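*Asks:* This is the structure alone, sequence omitted:
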RNA sequence: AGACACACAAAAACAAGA
């Protein structure tokens, strides 16, 4: 009895092959800070380096995190992991280069644009500010960038240049970050693998990386924290999802999650970096499961009601919301009657539970009205 | 049955890697006290050393704690722990340097600023005064700095220069301390690892470090001292938090706490020094748990009612406050009826308990009114 | 022959006392 359903899955197990071969060029320049400042000046003017973009951003990376040290960079875990991923790093000794145009190897638009010609930490932290809401688009991305700038200035950590706060500048930074994989990956690796010794700039990087965890993968968090639960008897299934309708869907989700598992420590950033198997965690491929999980999560988490969802999911999400609210009131009643001893703690615990549920209800309605207002202003635009 | 929920956690276990490579330069100068006084004069004038900042503050550190001894400094536990963290220490022999500008290796603003040109213990103790309230911002930071200066003058320990008490000077010191990791870490290490032999200055350092314990980590103290308790049967769960709503949240908090455990003796200063896993102890990631723990703590500790919290937490915190007050009156009634022997001690113990609860109620209301008044003046600003 | 659908969507520093 050969397994037929494996033909539904064999397309998602590449057995770890090697395809990538990118010629990323490294620069050894005595005027390291000078060329880095030139790169920053080029970027703030909205200049697209294209092919040179990877090299320039890697130069900024090595300057800020290794102080122009190449021996340690090429043996760093970033370098080894990109060895696995298929990135080639080679060093070019342009020691006497002073102008930015000297180091660059279809160049005509770039050359014509360049005719117009710890700040590195400022630039890298500003780029990292885009990570938490990078995949949601550009509107919310720049909104959260502005919020992060305001909160960081309020904490007194960093005071950014005023000109960087212009809408065009964040648009350029969003474009350059979305189009470049190396900037993302180095930022996430530095945020994740740093243990101690953070300055202000590395602290901002680490905070942005932590906020970027599971960005664009809300389905993963919702399903794992609101449907599949580990008890003392192993993993259990949510009572609301025992139907085959979503049972097969959960089986498919488990398959996709196991496929995503092989990526490793960077699995939470799979949507940010577009890793393999990320398209198998799509909302479209799990419509009912996504709607049910999001409804249950909204029932638990008040702030989760602010998520905007497609119009084909709203009714199911609201139904799951109401159902899960009822089952949770049921479960709190069961726990109160089961675990306690006498009537006094029954009454005080149930009064507290009623107050907490009322507070969550009010907060959920407020955030739902806020989401309605946001959709209204977006439609009016 | 592979563990799926490990994909929710693999991003927070770096397996102790090495990323940092900072070129911290050490200075061997015969005019050690002279260059240190020059550094102090530069700082009091609000001069930002930037790159030279780490070297200058390390020079002050080695002067005050080792009397310009480099052999013991480079083998000190600070040096070894920074070996692990990825700091490189190299010595430069600028023996004949007299002007501050001689020892410094984008320098133009710094050079132009420098054209305008046991006090070391005074400077270091003044900096350490900022540690207890460093992460709360600048307002409360300078307020507690002023309070500490007043109390230390009253004890007769130290009499600071009057010009250092100007608002601009504490602002500069707050900026220099917040932007520099090395100053923090050396201050905390000296405060923690000192056993005896404190002079006045090291005594101030140790007192500030002790007051800095768990700064910005009030959630940790509240959860560990008001929710999870060790009985003779191991750790127990608070009756108010047996709901799954916060049960999963406590599981996540336990995960984050275990992640923070690997840091070691500097775990209480994780928020101060921005260690790894500090962003996993966020209030946002544990809204209900943070509000409940803070409410319970306020019910126990009267002075804890003065904490300012976000507007989305106030109702839940007050509900937890009232509930915990009721459960504690319940528990005192149980203990009095259970552990005692006859009626006389029942009556006197219950009268004392009633008086104590009334006193705590009055103090909590007073501090709540004080917090209201503080918020009122802050809003009026 | 084939026939559909399928980016993302929220929140997220700290807060007292000593």
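*Replies:* Received it, and whenever you're ready, just let me know what you need. Numbers count the residues shown, from 1 in each chain, chains lettered A, B, ... in the order given.

*Asks:* Give me the residues contacting stretch A:249-269.
*Replies:* Outside stretch A:249-269, the residues that touch it by CB atoms under 8 Å, 6 or more residues apart in numbering or on different chains are A:9, A:12-13, A:16, A:184, A:188, A:192, A:212-215, A:217, A:220, A:223-224, A:227-228, A:237, A:241, A:270, A:273, A:275-278, A:280-281, A:285-286, A:288-289, B:2, B:4, B:6-7, B:10-11, B:13-14. Using the backbone N, CA and C atoms, a C-beta is placed for each residue, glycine as well.

*Asks:* hmm, stretch A:33-53 touching chain B?
*Replies:* Yes. Using CB under 8 Å from any CB of the partner chain, stretch A:33-53 reaches chain B at A:33, A:37.

*Asks:* Quick check: end-to-end length of that stretch?
*Replies:* From its first residue to its last, stretch A:33-53 covers 17 Å (CA to CA, to the nearest Å).

*Asks:* quick one on the thing from earlier: check the contacts of stretch A:249-269 against RNA strand C, which are close?
*Replies:* Near RNA strand C, taking CB under 7 Å from any atom of the strand as the test, the members of the contacts of stretch A:249-269 found are A:212, A:213, A:215, A:217, A:281, A:285.

*Asks:* Which of those residues has the largest number of neighbours?
*Replies:* residue A:212 (26 neighbours; other CB atoms under 10 Å in any protein chain shown).

*Asks:* Now do the phi/psi pair for the spatially closest residue to that residue that is not a sequence neighbour.
*Replies:* Using CB to CB, 6 or more residues apart in numbering or on different chains and skipping the chain neighbours, the partner closest in space to residue A:212 is residue A:131 (4.1 Å). When read as degrees, to the nearest 10, the backbone of residue A:131 gives phi -60, psi -50.

*Asks:* ok, now which ones touch residue A:131?
*Replies:* A:177, A:184, A:187, A:188, A:208, A:209, A:211, A:212, A:215, A:272.

*Asks:* Tell me which two of those residues sit farthest apart.
*Replies:* Across the contacts of residue A:131, the longest distance by CB to CB is 14.9 Å; it joins A:177 and A:211.

*Asks:* Pull up the distance across stretch A:108-127, start to finish.
*Replies:* Span of stretch A:108-127 from end to end, CA to CA: 27 Å.

*Asks:* Any part of that stretch near RNA strand C?
*Replies:* No. Counting by CB under 7 Å from any atom of the strand, RNA strand C has no neighbours in stretch A:108-127; the shortest distance is 14.4 Å.

*Asks:* how close does the residue in the stretch 201-350 of chain A positioned nearest to RNA strand C sit to residue A:275?
*Replies:* Per CB to the nearest atom of the strand, residue A:284 is where the stretch 201-350 of chain A lies closest to RNA strand C, at 2.1 Å. Distance, residue A:284 to residue A:275, using CB to CB, to the nearest Å: 18 Å.

*Asks:* same thing with residue A:40?
*Replies:* 29 Å.

*Asks:* one step back: neighbour count: residue A:284 and residue A:275, which is higher?
*Replies:* Each of residue A:284 and residue A:275 has its neighbours counted (other CB under 10 Å); residue A:275 has more, 17 against 9.

*Asks:* Quick one: classify the nearest residue to the more buried one once chain neighbours are set aside as helix, strand or coil.
*Replies:* Using CB to CB, 6+ apart and skipping the chain neighbours, the partner closest in space to residue A:275 is residue A:263 (5.1 Å). Per DSSP: H, G, I helix; E, B strand; the rest coil, the secondary structure class of residue A:263 is coil.

*Asks:* burial count for residue A:263?
*Replies:* By other CB under 10 Å, the residues close to residue A:263 number 18.

*Asks:* Tell me which stretches of the stretch 51-200 of chain A form strands.
*Replies:* Applying DSSP state E, counting those that start in this stretch to the stretch 51-200 of chain A gives strands spanning A:87-92.

*Asks:* For it, which segments are assigned as helices?
*Replies:* Taking DSSP state H, counting those that start in this stretch as the test, the helices found in the stretch 51-200 of chain A are A:52-66, A:71-74, A:77-85, A:100-103, A:108-114, A:119-128, A:139-155, A:167-179, A:181-193, A:200-212.

*Asks:* ok, which residues in the stretch 201-350 of chain A are in contact with RNA strand C?
*Replies:* So far as CB under 7 Å from any atom of the strand goes, the stretch 201-350 of chain A lies against RNA strand C at A:210-213, A:215-219, A:221, A:271, A:281-285, A:301, A:303-304, A:306-310.

*Asks:* which among these end up buried?
*Replies:* A:210-213, A:215-219, A:221, A:271, A:281, A:301, A:304 (16 or more other CB atoms under 10 Å in any protein chain shown).

*Asks:* could I get those residues as JSON lines with secondary structure?
*Replies:* Below are these laid out as JSON lines (three-state DSSP):
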{"residue": "A:210", "secondary structure": "helix"}
{"residue": "A:211", "secondary structure": "helix"}
{"residue": "A:212", "secondary structure": "helix"}
{"residue": "A:213", "secondary structure": "coil"}
{"residue": "A:215", "secondary structure": "coil"}
{"residue": "A:216", "secondary structure": "coil"}
{"residue": "A:217", "secondary structure": "coil"}
{"residue": "A:218", "secondary structure": "helix"}
{"residue": "A:219", "secondary structure": "helix"}
{"residue": "A:221", "secondary structure": "helix"}
{"residue": "A:271", "secondary structure": "helix"}
{"residue": "A:281", "secondary structure": "helix"}
{"residue": "A:301", "secondary structure": "coil"}
{"residue": "A:304", "secondary structure": "helix"}
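
*Asks:* List just the nearest of those residues to chain B.
*Replies:* residue A:210 (3.5 Å; CB to the nearest CB).

*Asks:* What are the neighbouring residues in contact with the closest residue in space to that closest one that isn't next to it in sequence?
*Replies:* Using CB to CB, 6+ apart and skipping the chain neighbours, the partner closest in space to residue A:210 is residue B:279 (3.5 Å). By CB under 8 Å, 6+ apart, residue B:279 lies in contact with A:206, A:207, A:210, A:211.

*Asks:* So residue B:279: helix, strand or coil?
*Replies:* With three-state DSSP as the basis, residue B:279 sits in helix.

*Asks:* With the one 4 residues further on instead?
*Replies:* Local secondary structure at residue B:283 is given as coil here, using three-state DSSP.

*Asks:* which ones are touching the nearest residue to it once chain neighbours are set aside?
*Replies:* Among residues not flanking residue B:283 along the chain, residue B:290 sits closest, at 4.6 Å (CB to CB, 6+ apart). With contact set as CB under 8 Å, 6+ apart, residue B:290 has these partners: B:219, B:222, B:283, B:313.
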